[PDB]
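Asks: Take a look at this one; I'll ask things after.
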Amino acid sequence: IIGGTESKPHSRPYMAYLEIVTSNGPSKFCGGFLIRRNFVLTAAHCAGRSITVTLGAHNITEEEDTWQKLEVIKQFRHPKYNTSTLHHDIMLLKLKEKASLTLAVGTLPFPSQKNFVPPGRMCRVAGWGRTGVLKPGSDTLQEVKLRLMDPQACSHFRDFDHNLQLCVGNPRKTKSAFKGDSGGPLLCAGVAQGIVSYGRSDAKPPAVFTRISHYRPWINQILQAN
Ligand SMILES: CC(C)c1c([C@@H](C2=C(O)[C@@H](C(C)C)NC2=O)c2ccccc2)[nH]c2ccc(F)cc12
Ligand SMILES: [Zn+2]
């Protein structure tokens, strides 16, 4: 998160910190959010050979009783995810066991309605990602308020599409999500409407988020079958 504030500790109890293992490199990191006691939603590009989820964290360098380090048994990447266009950048992780409900750990379930969210309003995103182009990931959970933009604002991303994705962040400000924040939720009036996907390498906003409403049928299909 660039240009944000430190979250009040444990104030976003659905937030998940992902450590991703691959065969031929060191650990990589993403965000995510708990939508059922045994399911975390995140980005498809955060997939790997294996993943560990930490719930209940604020400062990710300091072990505490709120932590739950949970095993992932299976990864469900969207079947149409495309590594060139980055369309359909969404994935569900099934946990080996159901998480414990505490003050610091709880689900963010979707409401019944899945209305298409138009441009104009302010939304909030949180993560442990880089705080600048040349700065490491944050030790503490950070968050920032961003403007939902008209789709033409993201035209320079040649594979952006308005039906699939949200365009997020006023170009006149530095405020943005960045590397390490991918997979985290964008909340508009307390309701998850987007998932951090990608942006420019120089972190100039706006950035591109997966539009959750488009994928509600697919999410439901996976949850009901597993
Ligand atoms: C384009 C790039 C600057 C970028 C990324 C990267 C990236 C991650 O997400 C992590 C992952 C693989 C552990 N390491 C990376 O290099 C990316 C995105 C999509 C596909 C592959 C890689 N994420 C962003 C999030 C917000 C943003 F504004 C920009 C970016
Ligand atoms: Zn604590």
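Chains: A, B, ... in order of the structure tokens. Residues: from 1 per chain. Ligands: from 1, in order shown.
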Within 8 Å of ligand 1, which residues of chain A come that close, and what is the closest atom pair and distance in Å for each? Count only C-alpha atoms and all ligand atoms and give it as a Markdown table.

Replies:
```
| residue | atom | partner | partner_atom_place_in_ligand_line | distance |
| --- | --- | --- | --- | --- |
| A:20 | CA | ligand 1 | 13 (C) | 7.4 |
| A:28 | CA | ligand 1 | 13 (C) | 4.7 |
| A:29 | CA | ligand 1 | 13 (C) | 4.9 |
| A:30 | CA | ligand 1 | 13 (C) | 5.6 |
| A:45 | CA | ligand 1 | 20 (C) | 5.3 |
| A:46 | CA | ligand 1 | 13 (C) | 5.5 |
| A:83 | CA | ligand 1 | 20 (C) | 7.4 |
| A:86 | CA | ligand 1 | 20 (C) | 6.9 |
| A:176 | CA | ligand 1 | 28 (F) | 6.8 |
| A:177 | CA | ligand 1 | 26 (C) | 5.2 |
| A:178 | CA | ligand 1 | 26 (C) | 3.5 |
| A:179 | CA | ligand 1 | 24 (C) | 4.0 |
| A:180 | CA | ligand 1 | 10 (C) | 5.3 |
| A:181 | CA | ligand 1 | 25 (C) | 5.8 |
| A:182 | CA | ligand 1 | 9 (O) | 4.8 |
| A:183 | CA | ligand 1 | 9 (O) | 7.9 |
| A:196 | CA | ligand 1 | 25 (C) | 6.3 |
| A:197 | CA | ligand 1 | 25 (C) | 5.5 |
| A:198 | CA | ligand 1 | 24 (C) | 4.0 |
| A:199 | CA | ligand 1 | 28 (F) | 3.4 |
| A:200 | CA | ligand 1 | 3 (C) | 5.3 |
| A:201 | CA | ligand 1 | 3 (C) | 3.8 |
| A:202 | CA | ligand 1 | 3 (C) | 7.0 |
| A:203 | CA | ligand 1 | 28 (F) | 5.5 |
| A:204 | CA | ligand 1 | 28 (F) | 7.8 |
| A:205 | CA | ligand 1 | 28 (F) | 7.4 |
| A:206 | CA | ligand 1 | 28 (F) | 7.8 |
| A:207 | CA | ligand 1 | 28 (F) | 5.2 |
| A:208 | CA | ligand 1 | 28 (F) | 7.3 |
```

Asks: Please identify all protein, DNA and RNA residues within 9 Å of ligand 2, counting only C-alpha atoms and all ligand atoms, and report them as a PyMOL selection string.

Replies: chain A and resi 9-10+56-59+63-67+104

Asks: Considering only C-alpha atoms, state which residue in the set A:27, A:155, A:226, A:38 is at the smallest distance from residue 50 in chain A.

Replies: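 Smallest distance to residue 50 in chain A is found for A:27.
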
Asks: If DSSP is run on the backbone, what residues of range 7-208 of chain A are helix (DSSP H, G or I)? A reply as a count of residues only would be ideal.

Replies: 7

Asks: Extract the full set of strand (DSSP E or B) residues from range 11-195 of chain A according to DSSP on the backbone, and format it as a PyMOL selection string.

Replies: chain A and resi 15-22+25-36+39-42+50-55+59+68-77+91-95+122-127+130-132+135-137+140+142-148+165-168+176+185-188+191-195

Asks: Pick out the residues sitting within 9 Å of residue 116 in chain A, and hand them over as a ChimeraX atom specification; count only C-alpha atoms, and ignore anything fewer than 3 positions along from it in its own chain.

Replies: /A:163,211,213-214

Asks: Just to confirm, what's the straight-line distance from CA of residue 173 in chain A to CA of residue 144 in chain A in Å (one decimal)?

Replies: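 Spanning CA of residue 173 in chain A to CA of residue 144 in chain A is a straight-line distance of 11.6 Å.
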